[PDB]
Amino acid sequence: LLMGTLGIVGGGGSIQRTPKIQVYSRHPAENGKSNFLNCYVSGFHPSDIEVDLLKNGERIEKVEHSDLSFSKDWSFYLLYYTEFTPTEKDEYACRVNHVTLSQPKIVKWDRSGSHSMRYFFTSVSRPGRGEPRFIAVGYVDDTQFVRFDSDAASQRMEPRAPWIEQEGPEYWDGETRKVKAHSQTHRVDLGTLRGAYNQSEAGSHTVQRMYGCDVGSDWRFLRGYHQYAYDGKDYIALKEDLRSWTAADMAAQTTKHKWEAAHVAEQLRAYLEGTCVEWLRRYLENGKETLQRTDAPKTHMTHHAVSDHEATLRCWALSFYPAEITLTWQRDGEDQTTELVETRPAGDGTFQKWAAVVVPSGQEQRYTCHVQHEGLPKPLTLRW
């Protein structure tokens, strides 16, 4: 459930992060067997990005993407995907263009616990091009359950997980009403923030917001969050105590004093400690077959002989939920700190990850990958 009201900021350049690009299949590739081709673009700012999936260099038509969301550092990520049947001679690729790149990048396809509810909000001003783009997504744990997109046709809060379709019309109209009121607050903040930083009225700027609550194994309140960023940088955040604010610069201190005087933090606290956990608990219960599950990792190892004197061992974990996982390489039983790819979505609710270690050639059997995950009945140890 969304928060019932949302206070505007007071009156007090944009960052550039280049996208990481991962091109891969949902399941292990087998020629003749249908699959999903994924292009995962992450770590980027600002949000405007172009992404195509290519078959023999030509743009594939039936291509969907995930709803825009972002990481703890405010950088965005999106999954583009298509159903496909691989063959030996068909070539697949992902083409990304972004303002941080001097040319289009083409990446070939080479082959017990706590719970949370989180909402993520992005508003992007588009001067001369109507009102700001507003995208809202709601999650329970690592599972998206709702979305709103101001450029989609319906102008409704929309379901994105079967279990939320249990809610009646009052729920859907109510969340639509409140999400539109969220978009209003953000649209106002954009104009106010431009003026606050003496910025050109012709440029595009970004407001991001994240709020929500954690519950423990007992399903009672643990922690609450409310965080706000302008142009991919911290502006103001509610402290752990839910009683005070951390302002990033002098312009945000003005919002701090306004929000202190209007008792905003205390209105936030009632939602975060009350409404937020009540509805979290209710969602956990209504979707328990979906949400109260673990999917164990399916693990294997690959060996890439790079030189005459070294080799790289890649340890894989596939099709696991939730996303939290630990892969570590050991050298003769002692741990060894390698590269670690961003945990990427498979596209079906599950996740993928690998950890690689560069080892001297002829000492393969010396190393072992260890895989710790909530859904394994016991830990796994892989060897070569």
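All residue numbers refer to positions in the sequence shown, first residue = 1.
According to the record, the deposited sequence contains 10 or more residues between residue 12 and residue 13 that were left without coordinates.
In the deposited sequence, the stretch from residue 337 to residue 338 hides 1 to 3 residues that have no coordinates. Of the two segments examined, 300-308 and 82-90, it is 300-308 that shows the higher average Cα temperature factor in the deposited entry. Of the two segments examined, 124-132 and 166-174, it is 124-132 that shows the higher average Cα temperature factor in the deposited entry. Across 291, 161, 247, 188, the entry's maximum B-factor at the CA atom is seen for 247. Highest CA B-factor among 18, 22, 25, 363, as stated in the entry: 363.
Residue 329: CA B factor lies in the highest third for its chain, per the PDB record. In this PDB entry, the Cα temperature factor of residue 65 sits in the bottom third of its chain's modelled residues, the lowest group. In the PDB entry, a CA B factor belonging to the lowest third of its chain's modelled residues is recorded for residue 142. Residue 100 sits in the middle third of its chain by CA B factor, as recorded in the PDB entry.
Residue 346: CA B factor lies in the lowest third for its chain, per the PDB record.
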